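First comes the structure, then the notes that go with it.
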Number of protein chains: 2
Amino acid sequence: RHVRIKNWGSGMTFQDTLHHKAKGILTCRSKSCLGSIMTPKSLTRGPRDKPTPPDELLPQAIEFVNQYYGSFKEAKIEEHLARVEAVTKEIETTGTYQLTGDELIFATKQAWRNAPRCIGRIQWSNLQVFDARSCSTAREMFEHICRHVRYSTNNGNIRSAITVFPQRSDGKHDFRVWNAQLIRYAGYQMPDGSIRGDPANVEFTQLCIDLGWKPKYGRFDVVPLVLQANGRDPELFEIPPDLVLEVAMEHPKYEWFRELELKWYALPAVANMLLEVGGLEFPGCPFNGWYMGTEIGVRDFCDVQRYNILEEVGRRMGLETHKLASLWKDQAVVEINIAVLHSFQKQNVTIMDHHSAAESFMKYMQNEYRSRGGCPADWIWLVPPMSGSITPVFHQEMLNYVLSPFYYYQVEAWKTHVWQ
Amino acid sequence: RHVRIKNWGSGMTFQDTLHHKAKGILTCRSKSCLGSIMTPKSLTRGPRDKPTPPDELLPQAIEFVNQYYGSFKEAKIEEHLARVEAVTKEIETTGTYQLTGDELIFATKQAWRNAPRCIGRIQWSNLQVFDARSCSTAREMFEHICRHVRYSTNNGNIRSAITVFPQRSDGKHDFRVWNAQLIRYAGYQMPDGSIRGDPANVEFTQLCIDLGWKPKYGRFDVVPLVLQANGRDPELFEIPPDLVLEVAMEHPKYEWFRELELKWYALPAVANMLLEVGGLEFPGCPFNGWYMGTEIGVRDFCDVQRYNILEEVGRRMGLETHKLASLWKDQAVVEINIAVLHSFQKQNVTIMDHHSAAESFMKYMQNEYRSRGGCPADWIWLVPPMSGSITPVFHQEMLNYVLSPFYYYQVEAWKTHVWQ
Ligand code: HEM
Ligand code: HEM
Ligand SMILES: C[C@H](O)[C@H](O)[C@H]1CNc2nc(N)[nH]c(=O)c2N1
Ligand SMILES: C[C@H](O)[C@H](O)[C@H]1CNc2nc(N)[nH]c(=O)c2N1
Ligand SMILES: NC(=[NH2+])NCCC[C@H](N)C(=O)O
Ligand SMILES: NC(=[NH2+])NCCC[C@H](N)C(=O)O
Ligand SMILES: [Zn+2]
């Protein structure tokens with residue numbers, strides 16, 4: 001079946017066939033399309049109370065092994081059979097199986113390549129995998145994480161990496177990081193009702209306070225690492241401030257921008273997602289890349305539910321903040337995003353503008369169809385939050401579907417935890 | 001059954017129940033979502049060569065009548081019941097029916113209310129209907145269209161209106177305007193490969209030329225109205241220039257913008273669409289509203305597949321047109337959109353900025369849920385192509401579905417029509 005995909009900007013046409021190997025878990029039906037649901041149950045992998053029944057695990061395990069060995073330009077016929085045989089045994093004798101070191105590396109990279117919402121996928125093959133499946137205590141998790149942070153930060157020359165903690169066995173012995181990101185700022189609900197800091201982390205900040213963390217009521221306070229070792233209650237750890245690289249915001253023209261006293265961290269490390277590989281689940285697998293300007297400038301800074309600094313900037317710029325039609329909102333957002341890119345560049349830290357990112361993704365998408373004839377793509381997430389149609393991804397028709405390996409969301413640990 | 005959708009910017013939630021009455025025709029499967037396809041077959045409504053079977057039409061006819069009488073605040077028990085039998089009898093005898101003049105008024109306004117891609121639906125219950133089902137000749141159609149244009153243009157103060165041509169019967173006697181829009185610039189393919197004018201009209205203009213139209217090889221050449229009556233062959237008609245209101249483009253601060261010598265028509269009138277009312281189809285039904293700034297500024301002017309003035313303006317502003325990270329494209333887009341709004345305000349022509357548009361639609365969507373417990377919406381088309389996340393529609397989760405009445409696309413006439 002050849003579902004024809006077309007790019008109305010360049011006339012480029014694609015034939016998607018890969019969508020057949022997809023897992024039919026999406027909620028979209030013939031009567032209604034719900035592609036705009038942010039965090040659907042379909043892309044979520046809930047917690048369990050008992051291991052995956054060997055009956056549904058086996059076919060998935062083999063399916064993965066086939067894909068792994070099939071990825072080789074060569075033909076390893078023997079090793080392939082030996083492994084598929086070895087795994088089948090392990091599942092029938094232990095109820096689960098372990099991935100080899102190389103299979104894990106292929107798994108993580110392939111899952112990235114399968115992330116329909118990631119726009120930096122042109123780098124899918126360039127990832128540093130840290131094996132921490134041997135981990136056993138929260139204290140060790142902290143050390144593994146600091147290793148990751150020290151690496152990926154790399155004195156400003158950010159580089160992608162991922163740390164894989166021991167897979168899910170019972171579902172009662174989960175190894176996971178509660179924090180949405182390794183590095184994130186605190187959010188505090190102030191007495192006057194307003195929120196000081198990042199609104200997105202108000203709830204998680206409370207959890208940190210309940211666990212003992214002392215609030216500092218600042219706008220950019222780095223939240224402590226809330227780590228969980230095999231089902232045990234989580235323990236707090238403070239990322240040494242030396243490892244947290246930040247960039248102070250400033251404009252190449254508006255010297256008053258410094259007055260806003262803004263800043264942001266350099267490392268975007270999502271930490272609460274789950275890696276699914278041939279039936280196995282890794283609830284603890286923090287990964288990172290480098291930032292795309294708009295993520296901070298448009299979203300983190302101008303969302304009403306985030307720092308919301310838009311009006312303050314429009315006023316400082318002396319724009320008509322009352323006449324909407326003045327397009328004051330659009331100028332402000334642009335100057336803010338310039339401040340971001342500028343600041344990261346003046347401080348020798350890796351950042352990527354949304355134009356360069358988009359053009360690189362087109363190159364990537366093309367490679368996908370030429371190689372494996374398919375590319376899972378969520379238009380709603382790939383198109384930048386500012387100047388949408390000015391980028392080629394806006395003009396690209398795309399199919400969104402779930403494959404395997406894959407990075408699923410999770411129900412934030414605390415909401416389902418069984419405290420002791 | 002309730003499907004919950006939330007707006008992450010305001011926190012507000014809605015419970016959609018209206019999606020149950022949707023016609024299951026969307027191509028989104030459980031395995032893959034194709035909501036990013038521009039003009040899918042599901043939203044298209046092809047040609048016929050055999051009338052709609054009365055067997056098949058009766059349900060749809062009754063359904064509309066009930067929906068019609070259901071709109072009234074009172075109760076018209078008597079007239080309702082009478083109309084139901086009158087229609088049943090009429091379809092039984094003739095094999096089709098004729099909606100009353102007032103029903104046509106309701107249908108057009110309702111189909112607008114049911115257009116999931118229109119962001120200006122807040123104006124739904126405000127439309128001027130021109131009943132032209134009595135029409136019989138191409139010449140007549142032209143006379144009707146000229147009425148619509150004069151009425152809607154209203155010397156600057158734009159007004160919404162729709163002109164309904166005779167309903168399809170055999171499917172061999174269609175009455176329709178082949179033009180994508182009433183007023184639209186031509187596009188020529190110059191001898192050096194390049195394109196002069198609007199690229200999106202190359203094929204259409206070529207047709208006009210084939211039909212004896214003299215290419216004026218200019219940039220903003222208003223292409224002739226290609227009308228079709230009773231399924232005959234189309235006849236050319238040049239819309240009287242005095243009726244075509246244009247707006248000269250100029251910036252409030254950039255004196256040199258005038259030198260760009262740009263302009264655009266004030267009347268956005270989609271002609272090539274099909275209105276479906278209770279099983280009946282009208283291949284001819286031009287409609288219009290007023291422009292939203294971004295349609296001209298972001299799309300028509302900046303698209304690579306359109307006028308593509310982006311680089312010219314950038315160089316004109318003296319921006320680093322070679323360093324993407326300078327965000328010159330974004331600054332250029334903003335000023336171009338500021339020029340569009342300014343030009344219209346100056347010439348006293350009606351236009352709406354995407355910010356006022358989105359905030360008005362936010363109110364419309366809330367009312368729809370209060371009213372019918374639903375509001376079909378295509379996120380991908382509703383979020384402005386500029387500063388997406390700065391508008392509330394960006395943060396609004398939504399369901400997209402086909403109701404009735406509705407405005408469907410069609411297969412471009414020349415692409416199917418059999419020439420006499
Ligand atoms: C090379 C740098 C990278 C860039 C520039 C990039 C950029 C992006 C962007 C712009 C998003 C949207 C996030 C949001 O709007 O909240 C995204 C999402 C995502 N990316 Fe990447 N990415 C990079 C690296 C990675 C890596 C290394 C992985 C995984 C191994 C990855 C996995 C994903 C996933 C799964 C999402 C979805 C996050 C969510 O749903 O909240 N990305 N990426
Ligand atoms: C009050 C003024 C109106 C505004 C501000 C408005 C605005 C819009 C916008 C921005 C679009 C997208 C245009 C594009 O990207 O091609 C649109 C689409 C649409 N509007 Fe409205 N609209 C208005 C009136 C109308 C009227 C009067 C009708 C019908 C009677 C209507 C029916 C639709 C439909 C069917 C679409 C889809 C067009 C397509 O798919 O090509 N709109 N409208
Ligand atoms: C409602 C809608 O799904 C939601 O606002 C989405 C839109 N697109 C997005 N795209 C990205 N990259 N990130 C987001 O958080 C969102 N939010
Ligand atoms: C590929 C994608 O569907 C296409 O570029 C869409 C995106 N959103 C749009 N939205 C509007 N209003 N109009 C368009 O023409 C488009 N183009
Ligand atoms: N490029 C990335 N790795 N992005 C990961 C998500 C970062 C998130 N959007 C933030 O603003 O903090
Ligand atoms: N506001 C409207 N009625 N828009 C209808 C579509 C007009 C089309 N987007 C154009 O730029 O020509
Ligand atoms: Zn869908």
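Within each chain, counting starts at residue 1; across the structure tokens, chains are named A, B, ... in the order shown, with ligands numbered 1 upward in that order.
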Write out as a PyMOL selection string the set of residues from segment 117-219 of chain A that DSSP, computed on the backbone, places in alpha helix (DSSP H).
chain A and resi 138-153+202-210
For C-alpha atoms, I'd like the residues from the last selection saved as a PDB file, in the first residue's frame.
ATOM      1  CA  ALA A 138      19.628   5.457  44.091  1.00  0.00           C
ATOM      2  CA  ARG A 139      23.091   6.651  45.096  1.00  0.00           C
ATOM      3  CA  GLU A 140      24.548   4.841  42.059  1.00  0.00           C
ATOM      4  CA  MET A 141      21.872   6.349  39.799  1.00  0.00           C
ATOM      5  CA  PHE A 142      22.992   9.822  40.864  1.00  0.00           C
ATOM      6  CA  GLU A 143      26.589   9.012  39.946  1.00  0.00           C
ATOM      7  CA  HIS A 144      25.553   7.593  36.550  1.00  0.00           C
ATOM      8  CA  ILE A 145      23.565  10.759  35.890  1.00  0.00           C
ATOM      9  CA  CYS A 146      26.403  13.104  36.851  1.00  0.00           C
ATOM     10  CA  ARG A 147      28.576  11.161  34.392  1.00  0.00           C
ATOM     11  CA  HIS A 148      25.969  11.802  31.670  1.00  0.00           C
ATOM     12  CA  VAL A 149      25.652  15.491  32.524  1.00  0.00           C
ATOM     13  CA  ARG A 150      29.418  16.057  32.651  1.00  0.00           C
ATOM     14  CA  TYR A 151      29.702  14.327  29.278  1.00  0.00           C
ATOM     15  CA  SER A 152      26.814  15.862  27.311  1.00  0.00           C
ATOM     16  CA  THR A 153      27.520  19.389  28.606  1.00  0.00           C
ATOM     17  CA  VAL A 202       4.889  23.801  40.588  1.00  0.00           C
ATOM     18  CA  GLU A 203       3.511  20.345  41.415  1.00  0.00           C
ATOM     19  CA  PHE A 204       6.882  18.569  41.262  1.00  0.00           C
ATOM     20  CA  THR A 205       8.396  21.324  43.383  1.00  0.00           C
ATOM     21  CA  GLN A 206       5.813  20.581  46.092  1.00  0.00           C
ATOM     22  CA  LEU A 207       6.800  16.921  45.999  1.00  0.00           C
ATOM     23  CA  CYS A 208      10.420  18.023  46.512  1.00  0.00           C
ATOM     24  CA  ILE A 209       9.443  20.186  49.481  1.00  0.00           C
ATOM     25  CA  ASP A 210       7.431  17.342  51.047  1.00  0.00           C
TER      26      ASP A 210
END
Neighbours of ligand 7 at 8 Å or closer, counting only C-alpha atoms and all ligand atoms: which residues, as number ranges by chain?
A: 27-29, 32-35; B: 27-29, 32-35
With N, CA and C atoms retained, write the just-selected residues as a PDB file, in the first residue's frame.
ATOM      1  N   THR A  27      -5.721   6.541  18.664  1.00  0.00           N
ATOM      2  CA  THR A  27      -7.135   6.768  18.933  1.00  0.00           C
ATOM      3  C   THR A  27      -7.933   7.334  17.754  1.00  0.00           C
ATOM      4  N   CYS A  28      -7.238   7.750  16.696  1.00  0.00           N
ATOM      5  CA  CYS A  28      -7.897   8.301  15.510  1.00  0.00           C
ATOM      6  C   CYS A  28      -8.760   7.265  14.792  1.00  0.00           C
ATOM      7  N   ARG A  29     -10.044   7.588  14.644  1.00  0.00           N
ATOM      8  CA  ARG A  29     -11.013   6.724  13.967  1.00  0.00           C
ATOM      9  C   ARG A  29     -11.556   7.417  12.710  1.00  0.00           C
ATOM     10  N   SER A  32     -13.579  10.578  13.704  1.00  0.00           N
ATOM     11  CA  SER A  32     -12.882  11.719  14.293  1.00  0.00           C
ATOM     12  C   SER A  32     -11.359  11.570  14.416  1.00  0.00           C
ATOM     13  N   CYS A  33     -10.640  12.651  14.114  1.00  0.00           N
ATOM     14  CA  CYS A  33      -9.183  12.682  14.207  1.00  0.00           C
ATOM     15  C   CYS A  33      -8.775  13.470  15.449  1.00  0.00           C
ATOM     16  N   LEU A  34      -8.015  12.822  16.333  1.00  0.00           N
ATOM     17  CA  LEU A  34      -7.551  13.447  17.576  1.00  0.00           C
ATOM     18  C   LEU A  34      -6.023  13.569  17.599  1.00  0.00           C
ATOM     19  N   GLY A  35      -5.455  14.039  16.492  1.00  0.00           N
ATOM     20  CA  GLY A  35      -4.012  14.189  16.401  1.00  0.00           C
ATOM     21  C   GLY A  35      -3.447  15.304  17.261  1.00  0.00           C
TER      22      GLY A  35
ATOM     23  N   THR B  27      -9.726   9.202   6.712  1.00  0.00           N
ATOM     24  CA  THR B  27      -8.771   8.132   6.413  1.00  0.00           C
ATOM     25  C   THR B  27      -7.782   7.770   7.524  1.00  0.00           C
ATOM     26  N   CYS B  28      -7.948   8.363   8.703  1.00  0.00           N
ATOM     27  CA  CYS B  28      -7.069   8.066   9.831  1.00  0.00           C
ATOM     28  C   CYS B  28      -7.367   6.674  10.388  1.00  0.00           C
ATOM     29  N   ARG B  29      -6.369   5.789  10.372  1.00  0.00           N
ATOM     30  CA  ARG B  29      -6.547   4.432  10.902  1.00  0.00           C
ATOM     31  C   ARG B  29      -5.978   4.352  12.321  1.00  0.00           C
ATOM     32  N   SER B  32      -2.155   4.427  11.840  1.00  0.00           N
ATOM     33  CA  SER B  32      -1.531   5.675  11.398  1.00  0.00           C
ATOM     34  C   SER B  32      -2.499   6.859  11.240  1.00  0.00           C
ATOM     35  N   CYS B  33      -2.019   8.051  11.606  1.00  0.00           N
ATOM     36  CA  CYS B  33      -2.779   9.305  11.514  1.00  0.00           C
ATOM     37  C   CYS B  33      -2.307  10.109  10.300  1.00  0.00           C
ATOM     38  N   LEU B  34      -3.249  10.503   9.451  1.00  0.00           N
ATOM     39  CA  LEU B  34      -2.926  11.277   8.254  1.00  0.00           C
ATOM     40  C   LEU B  34      -3.678  12.619   8.268  1.00  0.00           C
ATOM     41  N   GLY B  35      -3.694  13.277   9.427  1.00  0.00           N
ATOM     42  CA  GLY B  35      -4.387  14.546   9.562  1.00  0.00           C
ATOM     43  C   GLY B  35      -3.693  15.721   8.897  1.00  0.00           C
TER      44      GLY B  35
END
Any residue with an atom at most 6 Å from ligand 4 counts, using only C-alpha atoms and all ligand atoms. Which are they? Put them as a PDB file with N, CA and C atoms, in the first residue's frame.
ATOM      1  N   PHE A 394       6.444  22.751   7.454  1.00  0.00           N
ATOM      2  CA  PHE A 394       5.050  23.190   7.464  1.00  0.00           C
ATOM      3  C   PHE A 394       4.365  22.695   6.198  1.00  0.00           C
ATOM      4  N   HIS A 395       5.081  22.773   5.079  1.00  0.00           N
ATOM      5  CA  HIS A 395       4.551  22.369   3.784  1.00  0.00           C
ATOM      6  C   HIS A 395       4.654  20.888   3.474  1.00  0.00           C
ATOM      7  N   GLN A 396       5.152  20.110   4.432  1.00  0.00           N
ATOM      8  CA  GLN A 396       5.315  18.669   4.258  1.00  0.00           C
ATOM      9  C   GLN A 396       4.146  17.838   4.813  1.00  0.00           C
ATOM     10  N   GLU A 397       3.495  17.051   3.955  1.00  0.00           N
ATOM     11  CA  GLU A 397       2.407  16.173   4.405  1.00  0.00           C
ATOM     12  C   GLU A 397       3.115  14.989   5.063  1.00  0.00           C
TER      13      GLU A 397
ATOM     14  N   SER B  36      -2.452  15.517   8.455  1.00  0.00           N
ATOM     15  CA  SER B  36      -1.672  16.569   7.794  1.00  0.00           C
ATOM     16  C   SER B  36      -1.813  16.597   6.264  1.00  0.00           C
ATOM     17  N   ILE B  37      -2.659  15.725   5.712  1.00  0.00           N
ATOM     18  CA  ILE B  37      -2.887  15.689   4.268  1.00  0.00           C
ATOM     19  C   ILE B  37      -3.753  16.899   3.923  1.00  0.00           C
ATOM     20  N   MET B  38      -3.236  17.758   3.044  1.00  0.00           N
ATOM     21  CA  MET B  38      -3.915  18.993   2.649  1.00  0.00           C
ATOM     22  C   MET B  38      -5.347  18.877   2.140  1.00  0.00           C
ATOM     23  N   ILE B 380      -4.235  21.896  12.615  1.00  0.00           N
ATOM     24  CA  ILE B 380      -3.255  22.158  11.565  1.00  0.00           C
ATOM     25  C   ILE B 380      -3.572  23.338  10.645  1.00  0.00           C
ATOM     26  N   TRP B 381      -4.854  23.634  10.482  1.00  0.00           N
ATOM     27  CA  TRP B 381      -5.275  24.740   9.631  1.00  0.00           C
ATOM     28  C   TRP B 381      -5.658  25.991  10.410  1.00  0.00           C
ATOM     29  N   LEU B 382      -6.032  25.810  11.676  1.00  0.00           N
ATOM     30  CA  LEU B 382      -6.471  26.914  12.530  1.00  0.00           C
ATOM     31  C   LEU B 382      -5.364  27.743  13.148  1.00  0.00           C
TER      32      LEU B 382
END
7 Å from ligand 2 is the threshold here; counting only C-alpha atoms and all ligand atoms, which polymer residues fall inside it? Answer as a ChimeraX atom specification.
/B:108-109,112,115,117-121,123,127,160-162,287-292,295,352,357,381,407
May I ask you to extract the residues of chain A within 8 Å of chain B, using only C-alpha atoms, and to give them as JSON, numbers by chain?
{"A": [5, 8, 9, 10, 19, 20, 22, 23, 24, 25, 26, 27, 28, 29, 30, 31, 32, 33, 34, 35, 36, 37, 38, 298, 299, 302, 303, 304, 305, 324, 325, 326, 327, 329, 330, 331, 333, 334, 338, 341, 352, 353, 355, 356, 379, 380, 384, 385, 386, 387, 388, 389, 390, 397, 398, 399, 400, 401, 402]}
